[PDB]
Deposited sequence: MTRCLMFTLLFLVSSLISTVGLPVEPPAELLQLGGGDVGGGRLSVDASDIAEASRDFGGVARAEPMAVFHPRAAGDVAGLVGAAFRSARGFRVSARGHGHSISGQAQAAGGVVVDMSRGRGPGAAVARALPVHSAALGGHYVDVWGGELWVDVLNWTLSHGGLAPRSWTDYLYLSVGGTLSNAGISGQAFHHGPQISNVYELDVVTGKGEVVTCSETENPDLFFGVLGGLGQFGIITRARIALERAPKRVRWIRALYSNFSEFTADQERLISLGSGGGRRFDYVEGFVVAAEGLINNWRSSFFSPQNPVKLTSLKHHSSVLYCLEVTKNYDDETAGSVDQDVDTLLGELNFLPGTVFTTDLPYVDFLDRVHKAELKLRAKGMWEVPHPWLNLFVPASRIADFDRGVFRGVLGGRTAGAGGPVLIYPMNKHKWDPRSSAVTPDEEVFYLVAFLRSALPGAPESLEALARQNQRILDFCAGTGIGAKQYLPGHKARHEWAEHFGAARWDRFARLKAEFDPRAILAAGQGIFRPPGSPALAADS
């Protein structure tokens, strides 16, 4: 049903990612029409004498070649008839079946136009694939309450490293289901995901407030994620330099529709009155739900206009235990980064919203932060990338040297002992046994660099 391509433009795209450093080239790009085509190509890789590398590519947003298949085949999962959202009296809510390669922006537009429904857990940027985010976690300001996107999926169709098509969920083949979720593409290619949906809000009251005190900023973020009961629907934060001394910006939203429109003003005021931000630093925006969710695509268009999008992105994302966040500000925000461009995001989440059976690796603490260092190197300036990479290593060295039990989100580890350390003994054993069962020849997502044939 599908086709192998050797088009130079296809080979070039499959040989690069948003990180802009890793450049491992495949022999061909596979364009599947349906799941059976993906199964055929993986089956052929498993049956071949050589056992060539096969990796699915979502939207190519990896930082360090995780979707690259050196001298093998890259499956271009990008987009056919779409399934309509479905109501279930047994689940007590809606769901939608989507193709693994579908972009979250296309999922949103589809579900809104078919019943005004939408996923309840997001990423900040919607031009990412469903299979791509579900293989990591999929995190944004809703995760503290709904959990990440891996906690908002009922079922999957997975093409294993043996080319077998398996339907899995908590009740059917749970080992494969939980293994694949946060699994870094190690156990199969997601061809279908059954996404949980809620009736979508119509509008968003988007708030930002400034802080000069890190203890008050984090104390307010930790109180907000423990609510209610009156609560915000989104809790994020970011670090700001004195020009435009360190400032911290709290970012929150209150979702509303036609029914709740008359209570949104007082709900926001009651919640904000209980906080400790700097007086006269509250900024507010009122806009449609789709416009708020697509806010990063707008930042993207302004960057493409300045030739500042197709630059190297040495991004570093860390999960930091809440017990060590104060030390982190002193040593990193004030220390390492004290004194190319890019935001530094920071906000806490609740570990109980993360299913411990999945492959995702979080710190061993109930409340932990995501600290996202989203810095870009200067265009056509290799020394800018090098200096940023040295700063990232200084951040990891700081965590190592002070015993902060941080974990990398989207891990960029190379060595086997680095992966052993990342997972820990119990999780590593579970991970390796799943690999022996579902991808014994290490064909899938070899660009992650965890296993070898």
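Within the chain's deposited sequence, the coordinate-free stretches run 1-39, 119-125, 275-277, 294-318, 414-417, 532-541 in sequence order.
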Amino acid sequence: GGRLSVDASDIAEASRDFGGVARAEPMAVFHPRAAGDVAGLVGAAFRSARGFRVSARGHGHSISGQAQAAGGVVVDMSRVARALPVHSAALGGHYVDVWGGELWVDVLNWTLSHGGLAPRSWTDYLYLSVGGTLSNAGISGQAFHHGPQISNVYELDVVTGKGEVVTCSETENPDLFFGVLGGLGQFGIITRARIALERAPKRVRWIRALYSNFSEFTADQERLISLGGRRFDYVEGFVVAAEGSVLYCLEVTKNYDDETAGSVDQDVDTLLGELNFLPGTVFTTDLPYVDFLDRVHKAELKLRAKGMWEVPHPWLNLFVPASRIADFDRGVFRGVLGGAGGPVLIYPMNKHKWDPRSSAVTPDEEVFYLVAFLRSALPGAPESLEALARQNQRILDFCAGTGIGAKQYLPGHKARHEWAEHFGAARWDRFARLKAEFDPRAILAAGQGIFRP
From here on, numbers count along this sequence of modelled residues.
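Not even a third of the other compared entries skip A261; each one keeps it along with the residues on either side. In none of the other PDB entries of this protein that model the residues around it does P321 lack coordinates, well short of a third.
Look at the C-alpha B-factors of 268-276 and of 219-227. On average they run higher in 268-276. In this entry, 299-307 has the higher mean Cα B-factor, the comparison being between 299-307 and 195-203.
Residue-level inspection of the entry shows that, of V320, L176, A242, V153, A242 has the top Cα B-factor.
Residue set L410, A415, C399, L388: peak C-alpha B-factor at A415 (per PDB entry).
In the deposited entry, the Cα temperature factor of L287 places it in the middle third of its chain's modelled residues.
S48 sits in the highest third of its chain by CA B factor, as recorded in the PDB entry.
Sort the modelled residues of the chain by CA B factor and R33 lands in the highest third. The PDB entry assigns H352 a C-alpha temperature factor belonging to the middle third of its chain's modelled residues. Split the chain's modelled residues into thirds by C-alpha temperature factor. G185 is in the lowest one.
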